[PDB]
file structure_2.txt (compact mmCIF, C-alpha atoms)
# COMPACT_ATOMS: atom_id res chain seq x y z
CA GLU A 1 94.82 85.55 72.97
CA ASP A 2 98.02 84.46 74.69
CA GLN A 3 96.09 83.31 77.78
CA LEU A 4 93.39 80.69 77.30
CA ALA A 5 91.13 78.85 79.76
CA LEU A 6 88.95 76.31 77.97
CA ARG A 7 85.97 75.38 80.15
CA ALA A 8 82.78 73.43 79.53
CA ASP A 9 80.98 76.77 79.26
CA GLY A 10 83.26 78.20 76.59
CA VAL A 11 86.62 79.89 76.06
CA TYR A 12 87.93 82.52 78.46
CA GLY A 13 90.76 84.98 77.90
CA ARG A 14 92.58 86.54 80.84
CA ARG A 15 91.77 90.24 81.16
CA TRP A 16 93.10 93.05 83.33
CA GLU A 17 87.30 97.55 108.52
CA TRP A 18 90.24 95.18 108.90
CA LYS A 19 92.39 95.87 111.96
CA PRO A 20 95.84 94.42 112.73
CA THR A 21 94.44 92.94 115.96
CA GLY A 22 96.66 89.98 116.91
CA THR A 23 100.34 89.36 116.04
CA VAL A 24 101.61 90.01 112.47
CA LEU A 25 104.07 87.50 110.94
CA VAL A 26 105.71 90.04 108.56
CA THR A 27 107.97 87.66 106.55
CA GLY A 28 110.87 89.77 105.18
CA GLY A 29 109.79 92.55 107.58
CA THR A 30 113.17 94.32 107.16
CA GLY A 31 112.84 94.45 103.32
CA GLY A 32 110.78 97.54 102.31
CA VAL A 33 107.89 95.50 100.76
CA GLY A 34 107.09 94.35 104.34
CA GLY A 35 108.84 97.28 106.08
CA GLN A 36 106.63 100.17 104.89
CA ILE A 37 103.71 97.73 105.42
CA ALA A 38 105.00 96.90 108.96
CA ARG A 39 105.04 100.68 109.69
CA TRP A 40 101.45 100.90 108.28
CA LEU A 41 100.34 98.03 110.61
CA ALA A 42 101.96 99.76 113.64
CA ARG A 43 100.18 103.06 112.73
CA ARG A 44 96.90 101.14 112.15
CA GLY A 45 97.32 99.88 115.72
CA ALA A 46 98.96 96.48 115.47
CA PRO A 47 99.15 95.12 119.04
CA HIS A 48 102.18 93.01 118.05
CA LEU A 49 104.43 92.64 114.95
CA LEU A 50 107.02 89.99 113.89
CA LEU A 51 109.42 91.16 111.11
CA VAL A 52 111.09 87.82 110.26
CA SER A 53 113.96 87.84 107.72
CA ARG A 54 116.97 85.44 107.63
CA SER A 55 118.85 88.72 108.05
CA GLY A 56 116.68 89.93 110.92
CA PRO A 57 118.83 91.56 113.60
CA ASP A 58 121.65 91.42 111.04
CA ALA A 59 119.81 93.58 108.49
CA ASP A 60 120.93 97.01 107.21
CA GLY A 61 118.02 99.02 108.71
CA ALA A 62 116.75 96.53 111.35
CA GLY A 63 117.20 98.63 114.53
CA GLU A 64 115.96 101.80 112.75
CA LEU A 65 112.79 100.04 111.48
CA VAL A 66 112.10 98.36 114.89
CA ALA A 67 112.37 101.75 116.69
CA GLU A 68 109.93 103.42 114.21
CA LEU A 69 107.17 100.78 114.67
CA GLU A 70 107.90 100.58 118.46
CA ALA A 71 106.92 104.29 118.62
CA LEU A 72 103.88 104.04 116.25
CA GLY A 73 102.47 100.76 117.69
CA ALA A 74 103.76 98.31 120.34
CA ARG A 75 105.37 94.86 120.98
CA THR A 76 107.38 94.80 117.70
CA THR A 77 109.86 91.88 117.29
CA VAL A 78 112.55 91.26 114.62
CA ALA A 79 113.72 87.61 114.30
CA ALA A 80 116.59 85.98 112.32
CA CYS A 81 114.74 82.88 111.02
CA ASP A 82 114.60 80.87 107.77
CA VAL A 83 111.25 80.69 106.01
CA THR A 84 112.16 77.95 103.53
CA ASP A 85 112.18 75.23 106.21
CA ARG A 86 108.79 73.92 107.29
CA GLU A 87 109.99 73.14 110.82
CA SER A 88 111.68 76.56 111.24
CA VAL A 89 108.24 78.10 110.48
CA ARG A 90 106.72 75.65 113.03
CA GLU A 91 109.44 76.91 115.46
CA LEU A 92 108.32 80.49 114.58
CA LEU A 93 104.75 79.67 115.76
CA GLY A 94 106.20 77.82 118.80
CA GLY A 95 108.11 81.02 119.68
CA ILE A 96 104.91 83.08 119.14
CA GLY A 97 103.68 83.39 122.76
CA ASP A 98 100.21 81.99 123.51
CA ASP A 99 99.57 85.47 124.94
CA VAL A 100 98.64 86.78 121.47
CA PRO A 101 97.13 84.68 118.65
CA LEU A 102 98.36 84.97 115.07
CA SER A 103 95.85 86.32 112.55
CA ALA A 104 97.86 88.48 110.13
CA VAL A 105 100.61 86.56 108.32
CA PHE A 106 101.97 89.12 105.84
CA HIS A 107 104.41 87.13 103.68
CA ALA A 108 106.65 89.75 102.04
CA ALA A 109 110.05 88.10 101.55
CA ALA A 110 111.23 87.59 97.97
CA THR A 111 114.77 86.98 96.73
CA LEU A 112 115.73 88.02 93.20
CA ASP A 113 118.97 88.40 91.22
CA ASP A 114 118.00 88.11 87.53
CA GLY A 115 114.96 87.07 85.45
CA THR A 116 116.29 86.42 81.91
CA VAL A 117 114.75 83.39 80.07
CA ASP A 118 118.22 82.78 78.45
CA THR A 119 119.42 81.11 81.73
CA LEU A 120 116.03 80.55 83.45
CA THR A 121 115.89 76.83 84.41
CA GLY A 122 114.07 74.85 87.16
CA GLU A 123 117.07 75.07 89.54
CA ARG A 124 117.48 78.81 88.73
CA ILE A 125 113.78 79.82 89.22
CA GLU A 126 113.57 77.71 92.44
CA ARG A 127 116.89 78.87 94.03
CA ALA A 128 116.14 82.44 92.78
CA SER A 129 112.78 82.71 94.66
CA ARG A 130 112.38 79.68 97.03
CA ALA A 131 111.97 81.98 100.09
CA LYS A 132 108.81 83.35 98.39
CA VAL A 133 107.17 80.00 97.44
CA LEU A 134 108.28 77.42 100.08
CA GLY A 135 107.81 80.18 102.70
CA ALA A 136 104.19 80.90 101.65
CA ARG A 137 103.48 77.13 101.33
CA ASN A 138 104.79 76.47 104.89
CA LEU A 139 102.81 79.43 106.29
CA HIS A 140 99.68 78.18 104.49
CA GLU A 141 100.02 74.62 105.75
CA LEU A 142 100.76 75.81 109.29
CA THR A 143 97.97 78.40 109.48
CA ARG A 144 95.34 76.05 107.99
CA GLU A 145 94.60 75.47 111.70
CA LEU A 146 94.88 79.17 112.64
CA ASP A 147 92.03 81.70 112.49
CA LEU A 148 93.82 84.33 110.43
CA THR A 149 91.89 87.49 109.65
CA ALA A 150 94.50 88.20 106.95
CA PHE A 151 97.10 86.18 105.06
CA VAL A 152 98.19 88.79 102.48
CA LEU A 153 100.71 87.33 100.04
CA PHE A 154 102.83 90.16 98.69
CA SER A 155 103.34 89.62 94.97
CA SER A 156 104.16 91.86 92.00
CA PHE A 157 103.13 92.82 88.48
CA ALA A 158 105.50 90.17 87.07
CA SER A 159 102.63 87.67 87.35
CA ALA A 160 100.03 90.34 86.52
CA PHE A 161 101.51 91.29 83.15
CA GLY A 162 104.82 90.46 81.48
CA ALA A 163 108.08 91.90 82.73
CA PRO A 164 111.54 91.30 81.24
CA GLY A 165 114.13 90.73 83.94
CA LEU A 166 111.39 89.43 86.26
CA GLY A 167 110.68 86.17 84.42
CA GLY A 168 112.27 84.37 87.35
CA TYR A 169 110.44 86.62 89.80
CA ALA A 170 107.13 86.06 87.96
CA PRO A 171 106.61 82.33 88.82
CA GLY A 172 106.89 82.96 92.52
CA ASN A 173 104.25 85.69 92.31
CA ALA A 174 102.09 83.36 90.18
CA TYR A 175 102.34 80.65 92.84
CA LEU A 176 101.37 83.31 95.38
CA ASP A 177 98.32 84.34 93.31
CA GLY A 178 97.21 80.68 92.90
CA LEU A 179 97.57 80.03 96.67
CA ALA A 180 95.18 82.93 97.48
CA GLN A 181 92.84 81.84 94.62
CA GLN A 182 92.37 78.44 96.37
CA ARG A 183 92.37 80.06 99.86
CA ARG A 184 89.15 82.06 99.23
CA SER A 185 87.74 78.69 98.03
CA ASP A 186 88.59 77.20 101.48
CA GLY A 187 87.94 78.69 104.96
CA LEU A 188 91.11 80.85 105.27
CA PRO A 189 91.11 84.46 103.87
CA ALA A 190 94.16 85.38 101.69
CA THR A 191 94.98 88.52 99.60
CA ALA A 192 97.52 88.26 96.72
CA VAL A 193 98.27 91.96 96.15
CA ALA A 194 100.35 92.38 92.98
CA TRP A 195 102.45 95.34 94.14
CA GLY A 196 103.78 97.53 91.41
CA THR A 197 107.12 99.31 91.79
CA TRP A 198 107.38 99.97 95.52
CA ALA A 199 108.66 103.49 96.26
CA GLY A 200 111.48 102.81 98.69
CA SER A 201 111.97 99.05 98.69
CA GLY A 202 114.68 97.12 96.86
CA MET A 203 113.09 93.69 96.77
CA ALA A 204 112.02 94.12 93.15
CA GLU A 205 113.21 97.75 92.73
CA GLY A 206 116.08 96.89 90.41
CA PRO A 207 117.11 97.50 86.73
CA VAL A 208 113.64 96.44 85.41
CA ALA A 209 111.88 98.82 87.86
CA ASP A 210 113.71 101.93 86.52
CA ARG A 211 113.05 100.83 82.90
CA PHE A 212 109.28 100.31 83.46
CA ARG A 213 109.19 103.66 85.36
CA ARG A 214 109.63 105.46 81.98
CA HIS A 215 107.23 103.15 80.05
CA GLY A 216 104.07 102.45 82.10
CA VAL A 217 104.14 101.29 85.77
CA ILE A 218 105.40 104.26 87.88
CA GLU A 219 106.39 104.34 91.61
CA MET A 220 103.18 103.95 93.68
CA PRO A 221 103.62 106.04 96.90
CA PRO A 222 103.40 104.01 100.18
CA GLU A 223 101.05 106.68 101.69
CA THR A 224 98.34 105.48 99.21
CA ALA A 225 99.45 101.86 98.51
CA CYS A 226 98.96 101.15 102.26
CA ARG A 227 95.36 102.48 101.91
CA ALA A 228 95.02 100.23 98.83
CA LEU A 229 95.92 97.23 101.05
CA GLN A 230 93.36 98.47 103.64
CA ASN A 231 90.60 98.56 100.96
CA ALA A 232 91.76 95.15 99.59
CA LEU A 233 90.99 93.81 103.12
CA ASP A 234 87.80 95.94 103.46
CA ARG A 235 86.41 94.29 100.28
CA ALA A 236 88.31 91.07 101.16
CA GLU A 237 89.69 91.09 97.57
CA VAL A 238 91.08 87.57 96.90
CA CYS A 239 93.72 88.74 94.33
CA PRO A 240 94.15 92.54 93.74
CA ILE A 241 96.75 94.27 91.47
CA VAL A 242 97.90 97.70 92.87
CA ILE A 243 99.95 99.57 90.17
CA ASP A 244 100.29 103.21 88.98
CA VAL A 245 100.59 102.18 85.27
CA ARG A 246 100.16 104.99 82.66
CA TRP A 247 98.74 103.37 79.47
CA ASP A 248 99.94 106.33 77.31
CA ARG A 249 103.45 104.75 77.63
CA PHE A 250 102.31 101.17 78.47
CA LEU A 251 100.46 100.56 75.14
CA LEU A 252 103.73 101.03 73.17
CA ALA A 253 105.72 98.98 75.75
CA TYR A 254 103.50 95.84 75.88
CA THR A 255 101.14 95.51 72.86
CA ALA A 256 104.02 96.77 70.65
CA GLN A 257 105.91 93.41 70.60
CA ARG A 258 102.72 91.27 71.01
CA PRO A 259 99.14 92.70 70.73
CA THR A 260 97.55 91.31 73.92
CA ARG A 261 93.82 91.16 74.55
CA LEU A 262 94.63 91.16 78.30
CA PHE A 263 94.24 94.93 78.43
CA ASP A 264 91.20 95.30 76.15
CA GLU A 265 88.90 95.53 79.17
CA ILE A 266 90.50 98.53 80.90
CA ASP A 267 88.75 101.52 79.23
CA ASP A 268 91.63 104.02 79.30
CA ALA A 269 94.01 101.40 77.90
CA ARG A 270 93.03 102.36 74.34
CA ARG A 271 95.55 105.22 74.40
call {"tool": "encode", "arguments": {"input": "structure_2.txt", "output": "structure tokens"}}
result
Amino acid sequence: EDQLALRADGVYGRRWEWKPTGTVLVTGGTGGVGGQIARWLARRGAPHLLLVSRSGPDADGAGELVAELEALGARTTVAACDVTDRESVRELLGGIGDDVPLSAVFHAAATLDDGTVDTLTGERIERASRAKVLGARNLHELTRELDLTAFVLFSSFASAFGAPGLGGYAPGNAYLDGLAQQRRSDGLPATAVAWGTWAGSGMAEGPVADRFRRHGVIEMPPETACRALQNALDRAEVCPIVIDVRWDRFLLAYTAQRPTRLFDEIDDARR
């Protein structure tokens, strides 16, 4: 076991209809992770949407995206706003008109350049993915007083299993998972979906994504990953992991360097 949780009751090893009614704070709404999801919300009938990326109006694909969701749903809004600052997120909610309450904060933004342990340091990890952690923390602390029907934190497989080149992208996703793990314990629903390689995004679709494509996790189509998010809100799953991993190639790409009892619970992981 590489993952141990000693408790008073023993030793534990880690082992592998919701409607968009209200406004949707799609953090990083321009970036595919929250862009294909923003389109899904609009199709599902989102009365309002709020794609908020520092880029925002200045994003390569902003106007195109906005037009798509404006046709599918209604009242879609892109906004150039920081997510790291607590007060800029308070200003976001101040700008949110009282006309529509917020119930669907879909935090999707995540910055990433490299994830190699050789240079990974506190400064690096933080500056690498501070939009993902400080952003989610601010949204949590602000919405503690909001009746959100959904607070889906968009995370990845980097905190689900190991991923070279995402070791700096992994902590942020792990903080996301922990935030939702305590949020089901309190009175505010949160869903930490560990998204595998998104088919179309570029937020984590980088050199590691194309490597893992040929040894395990393969591109999960949006036209079924959006239904996976629907069912993760139909079951109110606190922390789901949506991946299209093929264990035929994954066994010799994970347990090869380190046998891991993590995957000795999935039945078709033997091969």
call {"tool": "atom_distance", "arguments": {"input": "structure_2.txt", "atom1": "CA of residue 106 (chain A)", "atom2": "CA of residue 152 (chain A)"}}
result
5.1 Å
call {"tool": "residues_around", "arguments": {"input": "structure_2.txt", "residues": "residue 79 (chain A)", "least_positions_apart": "5", "cutoff": "8 Å", "atoms": "all atoms listed in the file", "output": "PyMOL selection string"}}
result
chain A and resi 50-54+56-57
call {"tool": "atom_distance", "arguments": {"input": "structure_2.txt", "atom1": "CA of residue 113 (chain A)", "atom2": "CA of residue 228 (chain A)"}}
result
27.8 Å
call {"tool": "closest_atom_pairs", "arguments": {"input": "structure_2.txt", "of": "region 164-266 of chain A", "to": "region 9-15 of chain A", "cutoff": "10 Å", "atoms": "only C-alpha atoms", "output": "Markdown table"}}
result
| residue | atom | partner | partner_atom | distance |
| --- | --- | --- | --- | --- |
| A:260 | CA | A:15 | CA | 9.3 |
| A:261 | CA | A:15 | CA | 7.0 |
| A:262 | CA | A:15 | CA | 4.1 |
| A:263 | CA | A:15 | CA | 6.0 |
| A:264 | CA | A:15 | CA | 7.1 |
| A:265 | CA | A:15 | CA | 6.3 |
| A:266 | CA | A:15 | CA | 8.4 |
call {"tool": "write_last_selection", "arguments": {"input": "structure_2.txt", "atoms": "C-alpha atoms", "output": "PDB file, keeping the file's coordinate frame"}}
result
ATOM      1  CA  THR A 260      97.550  91.310  73.920  1.00  0.00           C
ATOM      2  CA  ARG A 261      93.820  91.160  74.550  1.00  0.00           C
ATOM      3  CA  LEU A 262      94.630  91.160  78.300  1.00  0.00           C
ATOM      4  CA  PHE A 263      94.240  94.930  78.430  1.00  0.00           C
ATOM      5  CA  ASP A 264      91.200  95.300  76.150  1.00  0.00           C
ATOM      6  CA  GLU A 265      88.900  95.530  79.170  1.00  0.00           C
ATOM      7  CA  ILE A 266      90.500  98.530  80.900  1.00  0.00           C
TER       8      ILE A 266
END
call {"tool": "residues_around", "arguments": {"input": "structure_2.txt", "residues": "residue 45 (chain A)", "least_positions_apart": "6", "cutoff": "8 Å", "atoms": "only C-alpha atoms", "output": "VMD selection string"}}
result
chain A and resid 19 to 21 72 to 73
call {"tool": "atom_distance", "arguments": {"input": "structure_2.txt", "atom1": "CA of residue 3 (chain A)", "atom2": "CA of residue 186 (chain A)"}}
result
25.6 Å
call {"tool": "closest_residue", "arguments": {"input": "structure_2.txt", "among": "A:173, A:257, A:182, A:201", "to": "residue 35 (chain A)", "atoms": "only C-alpha atoms"}}
result
A:201
call {"tool": "residues_around", "arguments": {"input": "structure_2.txt", "residues": "residue 148 (chain A)", "least_positions_apart": "2", "cutoff": "10 Å", "atoms": "only C-alpha atoms", "output": "ChimeraX atom specification"}}
result
/A:22-24,101-105,143-146,150-151,187-190
call {"tool": "write_last_selection", "arguments": {"input": "structure_2.txt", "atoms": "C-alpha atoms", "output": "short mmCIF file (atom, residue, chain, number, x, y, z; two decimals), in the coordinates of the input"}}
result
data_model
loop_
_atom_site.label_atom_id
_atom_site.label_comp_id
_atom_site.auth_asym_id
_atom_site.auth_seq_id
_atom_site.Cartn_x
_atom_site.Cartn_y
_atom_site.Cartn_z
CA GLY A 22 96.66 89.98 116.91
CA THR A 23 100.34 89.36 116.04
CA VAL A 24 101.61 90.01 112.47
CA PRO A 101 97.13 84.68 118.65
CA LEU A 102 98.36 84.97 115.07
CA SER A 103 95.85 86.32 112.55
CA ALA A 104 97.86 88.48 110.13
CA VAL A 105 100.61 86.56 108.32
CA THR A 143 97.97 78.40 109.48
CA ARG A 144 95.34 76.05 107.99
CA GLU A 145 94.60 75.47 111.70
CA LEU A 146 94.88 79.17 112.64
CA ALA A 150 94.50 88.20 106.95
CA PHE A 151 97.10 86.18 105.06
CA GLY A 187 87.94 78.69 104.96
CA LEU A 188 91.11 80.85 105.27
CA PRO A 189 91.11 84.46 103.87
CA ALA A 190 94.16 85.38 101.69
#
call {"tool": "residues_around", "arguments": {"input": "structure_2.txt", "residues": "region 164-171 of chain A", "least_positions_apart": "3", "cutoff": "8 Å", "atoms": "all atoms listed in the file", "output": "NGL selection string"}}
result
:A and (112 or 114-117 or 120 or 124-125 or 128-129 or 156-159 or 174-175 or 207-208)
call {"tool": "write_last_selection", "arguments": {"input": "structure_2.txt", "atoms": "C-alpha atoms", "output": "short mmCIF file (atom, residue, chain, number, x, y, z; two decimals), in the coordinates of the input"}}
result
data_model
loop_
_atom_site.label_atom_id
_atom_site.label_comp_id
_atom_site.auth_asym_id
_atom_site.auth_seq_id
_atom_site.Cartn_x
_atom_site.Cartn_y
_atom_site.Cartn_z
CA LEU A 112 115.73 88.02 93.20
CA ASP A 114 118.00 88.11 87.53
CA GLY A 115 114.96 87.07 85.45
CA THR A 116 116.29 86.42 81.91
CA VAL A 117 114.75 83.39 80.07
CA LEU A 120 116.03 80.55 83.45
CA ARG A 124 117.48 78.81 88.73
CA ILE A 125 113.78 79.82 89.22
CA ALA A 128 116.14 82.44 92.78
CA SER A 129 112.78 82.71 94.66
CA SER A 156 104.16 91.86 92.00
CA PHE A 157 103.13 92.82 88.48
CA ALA A 158 105.50 90.17 87.07
CA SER A 159 102.63 87.67 87.35
CA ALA A 174 102.09 83.36 90.18
CA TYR A 175 102.34 80.65 92.84
CA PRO A 207 117.11 97.50 86.73
CA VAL A 208 113.64 96.44 85.41
#
call {"tool": "closest_residue", "arguments": {"input": "structure_2.txt", "among": "A:204, A:109, A:33, A:218", "to": "residue 82 (chain A)", "atoms": "only C-alpha atoms"}}
result
A:109
call {"tool": "closest_residue", "arguments": {"input": "structure_2.txt", "among": "A:121, A:223, A:6, A:85", "to": "residue 39 (chain A)", "atoms": "only C-alpha atoms"}}
result
A:223
call {"tool": "residues_around", "arguments": {"input": "structure_2.txt", "residues": "region 88-95 of chain A", "least_positions_apart": "3", "cutoff": "8 Å", "atoms": "all atoms listed in the file", "output": "list in words"}}
result
residues 81, 82, 83, 84, 85, 138, 139 and 142 of chain A
call {"tool": "closest_residue", "arguments": {"input": "structure_2.txt", "among": "A:216, A:222, A:28, A:178", "to": "residue 269 (chain A)", "atoms": "only C-alpha atoms"}}
result
A:216
call {"tool": "axis_aligned_box", "arguments": {"input": "structure_2.txt", "around": "region 177-196 of chain A", "padding_each_side": "3 Å", "output": "lines of an AutoDock Vina configuration file"}}
result
center_x = 95.8
center_y = 87.4
center_z = 98.3
size_x = 22.0
size_y = 26.3
size_z = 19.9
call {"tool": "closest_residue", "arguments": {"input": "structure_2.txt", "among": "A:226, A:27, A:181, A:1", "to": "residue 255 (chain A)", "atoms": "only C-alpha atoms"}}
result
A:1
call {"tool": "closest_residue", "arguments": {"input": "structure_2.txt", "among": "A:229, A:36, A:8, A:205", "to": "residue 66 (chain A)", "atoms": "all atoms listed in the file"}}
result
A:36
call {"tool": "build_atoms", "arguments": {"input": "structure_2.txt", "residues": "region 4-26 of chain A", "atoms": "N, CA, C and O atoms", "output": "mmCIF file, keeping the file's coordinate frame"}}
result
data_model
loop_
_atom_site.group_PDB
_atom_site.id
_atom_site.type_symbol
_atom_site.label_atom_id
_atom_site.label_comp_id
_atom_site.auth_asym_id
_atom_site.auth_seq_id
_atom_site.Cartn_x
_atom_site.Cartn_y
_atom_site.Cartn_z
ATOM 1 N N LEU A 4 94.624 81.375 77.635
ATOM 2 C CA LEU A 4 93.390 80.690 77.300
ATOM 3 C C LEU A 4 92.991 79.776 78.445
ATOM 4 O O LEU A 4 93.836 79.112 79.048
ATOM 5 N N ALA A 5 91.685 79.737 78.735
ATOM 6 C CA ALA A 5 91.130 78.850 79.760
ATOM 7 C C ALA A 5 89.879 78.195 79.182
ATOM 8 O O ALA A 5 88.762 78.700 79.324
ATOM 9 N N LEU A 6 90.068 77.054 78.523
ATOM 10 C CA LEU A 6 88.950 76.310 77.970
ATOM 11 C C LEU A 6 88.146 75.656 79.081
ATOM 12 O O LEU A 6 88.683 74.838 79.833
ATOM 13 N N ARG A 7 86.872 76.010 79.204
ATOM 14 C CA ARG A 7 85.970 75.380 80.150
ATOM 15 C C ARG A 7 84.756 74.841 79.415
ATOM 16 O O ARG A 7 84.521 75.149 78.243
ATOM 17 N N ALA A 8 83.973 74.025 80.125
ATOM 18 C CA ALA A 8 82.780 73.430 79.530
ATOM 19 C C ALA A 8 81.818 74.495 79.030
ATOM 20 O O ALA A 8 81.036 74.264 78.101
ATOM 21 N N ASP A 9 81.865 75.679 79.640
ATOM 22 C CA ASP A 9 80.980 76.770 79.260
ATOM 23 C C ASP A 9 81.625 77.767 78.304
ATOM 24 O O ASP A 9 81.108 78.874 78.123
ATOM 25 N N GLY A 10 82.753 77.403 77.688
ATOM 26 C CA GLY A 10 83.260 78.200 76.590
ATOM 27 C C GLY A 10 84.761 78.393 76.663
ATOM 28 O O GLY A 10 85.510 77.548 77.165
ATOM 29 N N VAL A 11 85.207 79.521 76.117
ATOM 30 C CA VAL A 11 86.620 79.890 76.060
ATOM 31 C C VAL A 11 86.783 81.233 76.737
ATOM 32 O O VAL A 11 86.070 82.191 76.411
ATOM 33 N N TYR A 12 87.723 81.315 77.672
ATOM 34 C CA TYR A 12 87.930 82.520 78.460
ATOM 35 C C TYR A 12 89.355 83.024 78.298
ATOM 36 O O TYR A 12 90.319 82.270 78.464
ATOM 37 N N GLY A 13 89.478 84.303 77.975
ATOM 38 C CA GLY A 13 90.760 84.980 77.900
ATOM 39 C C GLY A 13 90.977 85.804 79.158
ATOM 40 O O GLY A 13 90.050 86.458 79.651
ATOM 41 N N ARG A 14 92.196 85.739 79.680
ATOM 42 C CA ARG A 14 92.580 86.540 80.840
ATOM 43 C C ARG A 14 92.502 88.016 80.490
ATOM 44 O O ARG A 14 92.896 88.431 79.397
ATOM 45 N N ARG A 15 91.986 88.819 81.421
ATOM 46 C CA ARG A 15 91.770 90.240 81.160
ATOM 47 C C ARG A 15 92.081 91.023 82.425
ATOM 48 O O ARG A 15 91.511 90.748 83.485
ATOM 49 N N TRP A 16 92.884 92.072 82.236
ATOM 50 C CA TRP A 16 93.100 93.050 83.330
ATOM 51 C C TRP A 16 91.836 93.899 83.279
ATOM 52 O O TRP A 16 91.423 94.244 82.155
ATOM 53 N N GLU A 17 85.955 97.068 108.235
ATOM 54 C CA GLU A 17 87.300 97.550 108.520
ATOM 55 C C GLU A 17 88.144 96.398 109.053
ATOM 56 O O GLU A 17 87.773 95.751 110.039
ATOM 57 N N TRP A 18 89.277 96.149 108.402
ATOM 58 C CA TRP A 18 90.240 95.180 108.900
ATOM 59 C C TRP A 18 91.255 95.890 109.791
ATOM 60 O O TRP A 18 91.859 96.887 109.386
ATOM 61 N N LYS A 19 91.433 95.374 110.996
ATOM 62 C CA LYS A 19 92.390 95.870 111.960
ATOM 63 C C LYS A 19 93.522 94.872 112.161
ATOM 64 O O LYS A 19 93.346 93.666 111.959
ATOM 65 N N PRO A 20 94.703 95.340 112.560
ATOM 66 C CA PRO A 20 95.840 94.420 112.730
ATOM 67 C C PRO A 20 95.800 93.683 114.061
ATOM 68 O O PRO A 20 96.835 93.191 114.523
ATOM 69 N N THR A 21 94.623 93.631 114.688
ATOM 70 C CA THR A 21 94.440 92.940 115.960
ATOM 71 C C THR A 21 95.052 91.551 115.933
ATOM 72 O O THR A 21 94.805 90.772 115.009
ATOM 73 N N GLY A 22 95.922 91.263 116.907
ATOM 74 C CA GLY A 22 96.660 89.980 116.910
ATOM 75 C C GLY A 22 98.122 90.220 116.590
ATOM 76 O O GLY A 22 98.515 91.399 116.507
ATOM 77 N N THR A 23 98.924 89.157 116.450
ATOM 78 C CA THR A 23 100.340 89.360 116.040
ATOM 79 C C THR A 23 100.436 89.313 114.517
ATOM 80 O O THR A 23 99.542 88.713 113.889
ATOM 81 N N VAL A 24 101.457 89.962 113.953
ATOM 82 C CA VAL A 24 101.610 90.010 112.470
ATOM 83 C C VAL A 24 102.910 89.316 112.091
ATOM 84 O O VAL A 24 103.973 89.866 112.416
ATOM 85 N N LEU A 25 102.833 88.164 111.420
ATOM 86 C CA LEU A 25 104.070 87.500 110.940
ATOM 87 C C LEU A 25 104.515 88.184 109.644
ATOM 88 O O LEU A 25 104.197 87.660 108.558
ATOM 89 N N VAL A 26 105.217 89.313 109.761
ATOM 90 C CA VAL A 26 105.710 90.040 108.560
ATOM 91 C C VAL A 26 106.964 89.317 108.044
ATOM 92 O O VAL A 26 108.068 89.676 108.487
#
